[PDB]
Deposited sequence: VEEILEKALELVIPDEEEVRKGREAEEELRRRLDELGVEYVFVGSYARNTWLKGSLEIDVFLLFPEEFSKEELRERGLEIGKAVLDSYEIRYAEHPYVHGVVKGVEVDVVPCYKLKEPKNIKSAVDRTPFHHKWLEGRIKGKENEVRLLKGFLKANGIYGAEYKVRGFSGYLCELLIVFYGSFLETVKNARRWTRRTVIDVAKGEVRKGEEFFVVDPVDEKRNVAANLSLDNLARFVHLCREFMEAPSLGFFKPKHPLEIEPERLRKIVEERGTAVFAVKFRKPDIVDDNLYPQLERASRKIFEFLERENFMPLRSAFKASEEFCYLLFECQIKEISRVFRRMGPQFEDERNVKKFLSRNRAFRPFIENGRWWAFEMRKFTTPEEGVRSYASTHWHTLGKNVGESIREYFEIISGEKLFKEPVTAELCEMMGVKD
């Protein structure tokens, strides 16, 4: 293992030229910011030298007096960000900031309140300067351990707390390194994590809770792992077990429509997608909506007895796809409806008063009716469901589905940019 981690360091540590680029970009930022007479602080991974090789982003925090309105922070912050970056983008879900580039390096310029105590925070980002002060004199010397953890997580698709990933944030990685001492110790101990593991770095303690909870040393009410999904927690624990069993440098490194067609026909399942235009909204808004829409349709498919197996979704540049595989390609038109016990004649009368095609029957002490379905395939079902229940499939996703959707299968489906997702959904290997 020790030999592998040596090799892995070459993948996670920035070389002298990349470090040089960062420092020069930092120096230029300070120069631009000092010219404006702005109050700022460097925070995050650049300021701690815990950033992953090839993935540098400098965080500059603009410190505003607590009295300022939320609207002043965005106006003033966006104004400063734009004046200070070579090129810029402004795109966010709630908390305002400017993304840009200085001397080839990515930068976020972020307005925040200058608080004493990261308690009753005023903006969403107010803890961040306190994270830095806390980590400052604790992370020193353990930089490459953090970089190993980040690289391990990134190579396995579970790095980042954003909705798209629902994984481990960079800050969480730093806290784990402070807690365990090193990447290897983190990985060894994570093998024994449960869905009820509470890690409290400030108290130097692991206990049991209602949920997986890593308490922010800056804010004991804050779960740093709040947005780590159960399944992704499960993935990391499993990965840690595998790595220790058979340590591989491959842990640190990240089909033709014809074969996919044959696999689907081998499975004998109904495979299809709902396709609609992607709403022009940020990822952090879009993905939870794609998750909701996918779940609502899945649940419809289950209560309709199509026996859905799994679901998946994918957003391309212009379209979104909700993907489903079902055990039932076609169900009978007739089904049975449960009626009352033979005993209560009031409800039996009412149950039998319905005009039906097929004459109700007594079985095991109760009345039952044959009834007719409006659809017999999972595709016909989803068409009905998505057309009438658009409004429950996410604010923007539901509105887009209301404007246009189509259900795709077969040769037509395997031509869509969804092949990676389909393979993962069906556990296709090789």
Original post:
Numbering the deposited sequence from 1, which residue ranges have no coordinates here?
Top reply: 255 to 259
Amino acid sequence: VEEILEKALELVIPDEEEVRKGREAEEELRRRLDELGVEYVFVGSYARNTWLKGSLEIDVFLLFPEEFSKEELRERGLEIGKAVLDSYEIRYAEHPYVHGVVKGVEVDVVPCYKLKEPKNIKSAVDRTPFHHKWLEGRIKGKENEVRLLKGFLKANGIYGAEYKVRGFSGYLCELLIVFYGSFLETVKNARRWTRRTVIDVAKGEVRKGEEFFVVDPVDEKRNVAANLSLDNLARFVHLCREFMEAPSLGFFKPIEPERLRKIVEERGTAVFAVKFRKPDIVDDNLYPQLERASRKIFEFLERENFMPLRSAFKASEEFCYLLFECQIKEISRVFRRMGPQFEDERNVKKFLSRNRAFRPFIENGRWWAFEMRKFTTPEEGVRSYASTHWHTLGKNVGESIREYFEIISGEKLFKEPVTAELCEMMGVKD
From here on, numbers count along this sequence of modelled residues.
**OP:** Using only the Cα atoms and their B-factors as the entry lists them, report which of 245 to 253 and 120 to 128 averages higher.
**Re:** 245 to 253
**OP:** Identify the stretch, either 348 to 356 or 156 to 164, whose C-alpha atoms have the larger mean B-factor according to the entry.
**Re:** 348 to 356
Original post:
So among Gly81, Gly209, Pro96, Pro279, who wins on Cα B-factor in the entry?
Top reply: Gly209
**OP:** Check where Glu318 lands among this chain's C-alpha B-factors and tell me if it's the lowest, middle or highest third.
**Re:** highest
Subject >> Chain thirds of CA B-factor: placement of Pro378 >> reply: lowest
Original post:
Going by what the PDB entry lists, where does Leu33 fall on CA B-factor within its chain: lowest, middle or highest third?
Top reply: middle
**OP:** Divide the modelled residues of the chain into thirds by Cα B-factor and specify which third, lowest, middle or highest, holds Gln341.
**Re:** highest
Original post:
For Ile362, does the deposited CA B-factor place it in the lowest, middle or highest third of the chain?
Top reply: middle
